[PDB]
Amino acid sequence: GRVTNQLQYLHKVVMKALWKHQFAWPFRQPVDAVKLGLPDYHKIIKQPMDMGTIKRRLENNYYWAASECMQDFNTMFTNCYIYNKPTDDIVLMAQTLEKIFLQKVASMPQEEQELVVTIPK
Ligand SMILES: CCOC(=O)Nc1cc(-c2ccc(C)c(NS(C)(=O)=O)c2)nn2c(C)nnc12
């Protein structure tokens, strides 16, 4: 992957705010369907995603484009809405985190630019 202004923003602004939020803990590592006794979790949720995975990917320059990281956040949130029941608190927690995600994304740099300057030519 690479380091861009938008990915750096997703790491140092967006993930920094979401990771430390009071509602973050169920999303900080993959859903552990075995420990949770949920044999249908991986039958219903075909692309699991969580903030621990996204954070490690940002730390390791896994992404080539901010849009890929944004889609991972979206998948994490949508997985939660799809698997759980409308009135569960976890849905409200996902919704609260997603609102912050969108609020912070609104101030992301407009043009995706590489931050690593290379020798000209
Ligand atoms: C009622 C049946 O539905 C569910 O249990 N739903 C979900 C449950 C939990 C969940 C609970 C308890 C614990 C201890 C954990 N820890 S973890 C991240 O290691 O697996 C997670 N996360 N979750 C996420 C995200 N999305 N849905 C759920």
# chains A, B, ... in the order shown; residues from 1 in each chain; ligands from 1
>>> residues_near_ligand(ligand="ligand 1", cutoff="9 Å", atoms="only C-alpha atoms and all ligand atoms", output="PDB file with C-alpha atoms, in the first residue's frame")
ATOM      1  CA  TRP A  25     -14.989  -2.032  22.690  1.00  0.00           C
ATOM      2  CA  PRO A  26     -17.193  -4.582  20.797  1.00  0.00           C
ATOM      3  CA  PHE A  27     -15.576  -3.386  17.575  1.00  0.00           C
ATOM      4  CA  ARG A  28     -11.925  -3.371  18.677  1.00  0.00           C
ATOM      5  CA  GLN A  29     -11.269  -6.957  17.573  1.00  0.00           C
ATOM      6  CA  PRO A  30     -13.053  -9.486  15.351  1.00  0.00           C
ATOM      7  CA  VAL A  31     -16.312 -10.957  16.546  1.00  0.00           C
ATOM      8  CA  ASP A  32     -15.212 -14.232  18.163  1.00  0.00           C
ATOM      9  CA  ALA A  33     -18.091 -16.426  17.021  1.00  0.00           C
ATOM     10  CA  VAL A  34     -16.596 -19.525  18.661  1.00  0.00           C
ATOM     11  CA  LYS A  35     -16.232 -17.975  22.128  1.00  0.00           C
ATOM     12  CA  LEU A  36     -19.632 -16.254  21.727  1.00  0.00           C
ATOM     13  CA  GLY A  37     -21.521 -19.417  20.759  1.00  0.00           C
ATOM     14  CA  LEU A  38     -22.715 -17.927  17.435  1.00  0.00           C
ATOM     15  CA  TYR A  41     -22.320 -15.441  12.529  1.00  0.00           C
ATOM     16  CA  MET A  49     -14.425  -6.464   9.761  1.00  0.00           C
ATOM     17  CA  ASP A  50     -13.411  -4.641  12.930  1.00  0.00           C
ATOM     18  CA  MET A  76     -17.930  -3.174   9.969  1.00  0.00           C
ATOM     19  CA  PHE A  77     -20.977  -1.014  10.681  1.00  0.00           C
ATOM     20  CA  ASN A  79     -22.306  -6.171   9.440  1.00  0.00           C
ATOM     21  CA  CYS A  80     -23.599  -5.081  12.854  1.00  0.00           C
ATOM     22  CA  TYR A  81     -26.919  -3.758  11.514  1.00  0.00           C
ATOM     23  CA  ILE A  82     -27.458  -6.858   9.402  1.00  0.00           C
ATOM     24  CA  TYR A  83     -26.704  -9.459  12.075  1.00  0.00           C
ATOM     25  CA  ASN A  84     -28.416  -7.947  15.116  1.00  0.00           C
ATOM     26  CA  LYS A  85     -31.955  -6.887  16.035  1.00  0.00           C
ATOM     27  CA  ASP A  88     -30.309  -3.943  20.527  1.00  0.00           C
ATOM     28  CA  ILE A  90     -25.130  -2.578  20.028  1.00  0.00           C
ATOM     29  CA  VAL A  91     -26.979  -1.209  17.000  1.00  0.00           C
ATOM     30  CA  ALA A  94     -22.704   1.246  15.984  1.00  0.00           C
TER      31      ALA A  94
END
>>> closest_atom_pairs(of="range 20-100 of chain A", to="range 6-12 of chain A", cutoff="10 Å", atoms="only C-alpha atoms", output="CSV")
residue,atom,partner,partner_atom,distance
A:54,CA,A:11,CA,9.0
A:55,CA,A:11,CA,7.2
A:56,CA,A:11,CA,9.9
A:57,CA,A:11,CA,9.6
A:58,CA,A:11,CA,6.2
A:59,CA,A:11,CA,7.9
A:61,CA,A:7,CA,8.8
A:63,CA,A:7,CA,7.9
A:64,CA,A:7,CA,8.6
A:65,CA,A:7,CA,6.9
A:66,CA,A:7,CA,4.9
A:67,CA,A:7,CA,8.7
A:68,CA,A:7,CA,9.4
A:69,CA,A:7,CA,7.6
A:70,CA,A:10,CA,8.1
>>> closest_residue(among="A:60, A:95, A:113, A:118", to="residue 78 in chain A", atoms="only C-alpha atoms")
A:95
>>> residues_around(residues="residue 117 in chain A", least_positions_apart="5", cutoff="12 Å", atoms="only C-alpha atoms", output="count of residues only")
4
>>> residues_around(residues="residue 96 in chain A", least_positions_apart="6", cutoff="10 Å", atoms="only C-alpha atoms", output="short mmCIF file (atom, residue, chain, number, x, y, z; two decimals) with C-alpha atoms, in the first residue's frame")
data_model
loop_
_atom_site.label_atom_id
_atom_site.label_comp_id
_atom_site.auth_asym_id
_atom_site.auth_seq_id
_atom_site.Cartn_x
_atom_site.Cartn_y
_atom_site.Cartn_z
CA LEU A 18 -13.34 6.05 17.13
CA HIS A 21 -14.80 6.13 22.16
CA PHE A 23 -18.77 2.53 22.56
CA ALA A 24 -15.72 1.14 20.72
CA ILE A 90 -25.13 -2.58 20.03
#
>>> closest_residue(among="A:14, A:40, A:45, A:86", to="residue 102 in chain A", atoms="only C-alpha atoms")
A:14
>>> select_by_dssp(residues="chain A", states="helix (DSSP H, G or I)", output="ChimeraX atom specification")
/A:5-19,25-27,33-36,41-44,51-59,66-83,89-105
>>> atom_distance(atom1="CA of residue 1 in chain A", atom2="CA of residue 112 in chain A")
13.5 Å
